[PDB]
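Q:
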Amino acid sequence: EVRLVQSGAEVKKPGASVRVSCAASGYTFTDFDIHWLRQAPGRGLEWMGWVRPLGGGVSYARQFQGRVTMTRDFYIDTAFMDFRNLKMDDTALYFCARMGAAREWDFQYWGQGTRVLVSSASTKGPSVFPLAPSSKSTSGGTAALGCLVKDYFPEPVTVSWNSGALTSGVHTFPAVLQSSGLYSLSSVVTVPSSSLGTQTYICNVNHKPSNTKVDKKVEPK
Amino acid sequence: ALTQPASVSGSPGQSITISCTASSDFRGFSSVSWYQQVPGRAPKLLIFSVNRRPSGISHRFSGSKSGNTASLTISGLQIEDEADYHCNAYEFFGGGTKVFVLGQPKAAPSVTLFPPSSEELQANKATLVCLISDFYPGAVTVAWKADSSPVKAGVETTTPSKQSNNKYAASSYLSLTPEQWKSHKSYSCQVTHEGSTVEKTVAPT
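Those sequence lines, one after another, are chains A and B. Count along the first sequence starting at 1, add 368, and that's the number in our numbering. Count along the second sequence starting at 1, add 19, and that's the number in our numbering.
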């Protein structure tokens, strides 16, 4: 019955700002403070501060004072976290949380999380290269072919095959993060090796952040 | 200022214990809380005052404290217990602990290596794609070789992620110039898993 719903993911450049909202419901909004925490990639949780719906009082950890502003709209039971002058190491999964009724710093209710990526990289559509099947990629009755979705930003891309008509054997691997700030993944499909000369295989790469769609025909070479 | 072990592994049925140690000067350490978190998802409170558990939490989770060290004990380890675990006292959180549940038999990886496409070489780029899948547990050492020499520069390997069949997959990319690719006899993706090695090789021919 108690729900904390946060706004969608964000991608920013160093020095920009971001507003994350926390829509609370299922309880009396003024009875509990709303806390804010963040989780850096591969790290633990870090408490940032809280905002008090009754009166609007706030509290901050030191390293967020001067850059983070916490407010609330008590008419719509929503808390806000404004983070200005973002740095690259502010990249984290951001959470709003509420204490349990014991109020002993036991966070019983959590928002679903908001991804905030702060990178000096800019939006870039992917370069799609065919992973052609050959004698070094066949396994007897089956053969592996795929598509290399290289150097895009930011996440995500979706990959289908033959306009979604090819489902079985498709394995899209999680993306890797190059040191250039760009992402790359691969999508391979296991197909019968006898069909290599007759069946057409086309991967359909969609990268909504750059408004780019690529259809790449993959044939043996 | 809260220290947790990096990881703890166990097999189903066993009891494991995760520690959470505060500094010697820490006066509020009696209100320790414990959380379960699937990475990327919201934490879930398990224990909130050394040993109190909320409604709806399994009795297989219990908490305790002995001075500056709190402990979360998981009785009767289950596969669903594989997640990250966090402790906190006031605004101070521990580093987190990854819990692994060895609930599947060992499984050897399948390795597929793709050379650079000619279309990427025409753009004066070259990427070798090594795809590792269907292995268990998810601890593989990926090593690349130019001819027979180890390669350190240009490698990017993902962390193993679980598939639908409860086995792991990973991908490793070797970035090199077209001249590096065409000047060597071959390149190799060497995958070692549980004392066994699978190696795939491609040549610029």
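Each residue gets a CB set at the ideal place from its N, CA and C atoms; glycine is no exception.
(1) Should A:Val517 and A:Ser554 be called a contact, given that it needs their Cβ atoms to be closer than 8 Å?
(2) If you drop the 5 nearest sequence neighbours on each side, which residues of the same chain put their C-beta closer than 7 Å to that of A:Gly537?
(3) Work out the CA separation of B:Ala89 and B:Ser43 for me, nearest whole Å.
(4) Quick check: B:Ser38 and B:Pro24, are their CB atoms within less than 8 Å of each other?
(5) To the nearest whole angstrom, what separates the beta carbons of A:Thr482 and A:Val388, a pair I think is in contact under 8 Å?
(6) Report the rounded CA-to-CA distance for A:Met438 versus B:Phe80, giving the unit in angstroms.
(7) At a CB-CB cut-off below 7 Å, which residues of chain A make contact with B:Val221?
(8) Which word fits A:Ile402, buried or exposed, when buried means at least 16 other C-beta atoms lie within 10 angstroms of its C-beta?
(9) What residues in its chain sit with their C-beta under 7 Å from that of A:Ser561, if we drop five residues either side in the sequence?
(10) Kindly list the residues whose CB is nearer than 7 Å to the CB of A:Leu564, restricted to its own chain and excluding five residues on each side of it in sequence; keep chain order.
(11) In terms of DSSP beta bridges, what is A:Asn572 paired with?
(12) State the DSSP-derived secondary structure class of B:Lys204, mapped to helix, strand or coil.
(13) Taking Cβ to Cβ, would you say B:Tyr192 is nearer than 8 Å to A:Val544?
(14) State yes or no: is the beta carbon of B:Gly157 nearer than 8 Å to at least one beta carbon in chain A?
(15) What runs of the alpha helix (DSSP H), each 4 residues or longer, lie entirely inside the stretch 407-482 of chain A?
(16) Who are the near neighbours of B:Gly157 in its chain, counting only those whose CB is closer than 6 Å to its CB and skipping five residues on each side?
(17) Note down, in chain order, every chain B residue with its Cβ under 9 Å from the Cβ of A:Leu413.
(18) Would B:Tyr206 pass as a contact of B:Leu147 if the rule is Cβ separation under 8 Å?
A: The relevant details are as follows:
(1) On the first sequence, residue 517 of chain A is found 149 positions in, with the first residue counted as 1. On the first sequence, residue 554 of chain A is found 186 positions in, with the first residue counted as 1. In contact: A:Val517 and A:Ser554 (Cβ atoms closer than 8 Å).
(2) For the purposes of this step, residue 537 of chain A is taken as the residue at position 169 of the first sequence. So the list reads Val557, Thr558, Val559, once near-sequence residues are dropped.
(3) As a first step, residue 43 of chain B must be located in the second sequence, where it is residue number 24. As a first step, residue 89 of chain B must be located in the second sequence, where it is residue number 70. Near 13 Å, if we compare the C-alpha coordinates of B:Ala89 and B:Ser43.
(4) Counted from its first residue, the second sequence places residue 38 of chain B at position 19. Counted from its first residue, the second sequence places residue 24 of chain B at position 5. Yes; because the gap between Cβ atoms is below 8 Å, this pair is in contact.
(5) Sequence index remark: in the first sequence, residue 482 of chain A carries index 114 (1-based). Sequence index remark: in the first sequence, residue 388 of chain A carries index 20 (1-based). Rounded, the Cβ-Cβ distance is 5 Å, consistent with contact.
(6) Translated into the one-based positions of the first sequence, residue 438 of chain A becomes position 70. Translated into the one-based positions of the second sequence, residue 80 of chain B becomes position 61. A:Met438 and B:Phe80: Cα-Cα distance of roughly 35 Å.
(7) Numbered from its first residue, the second sequence carries residue 221 of chain B at position 202. Those within 7 Å of B:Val221 in chain A are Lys504.
(8) Position 34 of the first sequence, counted from the start, is the residue given in the question as residue 402 of chain A. Answer is buried; the Cβ neighbour count reaches 16.
(9) Here residue 561 of chain A is taken as the residue at index 193 of the first sequence, counted from 1. So the list reads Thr506, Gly509, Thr510, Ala511, once near-sequence residues are dropped.
(10) As a first step, residue 564 of chain A must be located in the first sequence, where it is residue number 196. The residues are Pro501, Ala511, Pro588.
(11) Taking the first residue of the first sequence as 1, we reach residue 572 of chain A at position 204. Its beta-bridge partners are A:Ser528, A:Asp583.
(12) As a first step, residue 204 of chain B is located in the second sequence; it is residue number 185 there, counting from the start. Note: B:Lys204 maps to coil in three-state DSSP.
(13) Start at 1 with the first residue of the second sequence, and residue 192 of chain B comes out as number 173. Start at 1 with the first residue of the first sequence, and residue 544 of chain A comes out as number 176. Yes, the pair counts as a contact, with Cβ atoms nearer than the cut-off.
(14) Position 138 of the second sequence, counted from the start, is the residue given in the question as residue 157 of chain B. B:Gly157 does not count as touching chain A.
(15) none
(16) Taking the first residue of the second sequence as position 1, residue 157 of chain B is located at position 138. The answer, listed in chain order, is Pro179, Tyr187.
(17) Residue mapping note: residue 413 of chain A aligns to position 45 of the first sequence, counting from 1. Per Cβ cutoff of 9 Å: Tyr54, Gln56, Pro62, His105, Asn107, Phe112, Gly113, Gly115.
(18) Here residue 206 of chain B refers to the residue found at position 187 when the second sequence is read from its first residue. Here residue 147 of chain B refers to the residue found at position 128 when the second sequence is read from its first residue. Going by C-beta atoms, B:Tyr206 is nearer than 8 Å to B:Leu147.
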